[PDB]
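Undergrad: Take a look and give me a structure for this.
(2 chains)
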Amino acid sequence: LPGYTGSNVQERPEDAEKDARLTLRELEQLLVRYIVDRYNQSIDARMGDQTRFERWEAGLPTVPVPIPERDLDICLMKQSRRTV
DNA sequence: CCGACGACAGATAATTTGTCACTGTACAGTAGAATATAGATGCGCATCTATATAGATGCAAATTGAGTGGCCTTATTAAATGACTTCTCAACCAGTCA
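TA: Numbers count the residues shown, from 1 in each chain, chains lettered A, B, ... in the order given. Pasting the structure now:
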């Protein structure tokens, strides 16, 4: 991708600050595709004969029930001891 | 007759491509950021300038009131009016008469 910075400062492409082009919305639209079409569909290397997704789906002990989006309110931060 | 070179055919490792097994290495919070400089621009405060004088003064007409200088017939009489001055202002005795 354009604007690539290398794995460290000694390998930084000198054009990285001038050659940047993508916004966060482009990078996510590339990265999500890469994870859904390529990466989860590639071979689990320990096995050699299953995809990562195929091994996940077949590896569930049972199909879990989807949790309600409201019940993810367990994500809300707690203030423990404020007084009325 | 003997030796050298070309045509055609045949066999072959070098080259390239593909497949397969073993492996060094990055994933591990991290370079946008700090520190000088020149150069232009803008707001504020001071430091002059040039204009604008009205009040005071000097002077020169313009009367203005107040001076001063120069030029002029006279003698008798009479009347009138108004004045001034002077003078004067006794009292009983002696001689007639109806």
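Undergrad: Quick check: phi and psi on residue A:40?
TA: Summarising the backbone geometry of residue A:40 under the convention degrees, to the nearest 10, its torsions are phi -60, psi -10.
Undergrad: what's the distance between it and DNA strand B?
TA: Taking CB to the nearest atom of the strand, to the nearest Å as the measure, residue A:40 and DNA strand B are separated by 18 Å. C-betas here are computed from N, CA, C, even on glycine.
Undergrad: Equivalent analysis for residue A:2, please.
TA: Residue A:2 sits 15 Å away from DNA strand B, taking CB to the nearest atom of the strand as the criterion.
Undergrad: what does residue A:23 give?
TA: The value you get for residue A:23 to DNA strand B, if CB to the nearest atom of the strand is used, is 16 Å.
Undergrad: ok, how many other residues are close to that residue?
TA: Residue A:23 has 9 neighbouring residues, counting by other CB atoms under 10 Å.
Undergrad: Check residue A:55 too.
TA: Other residues within reach of residue A:55, judged by other CB under 10 Å, total 15.
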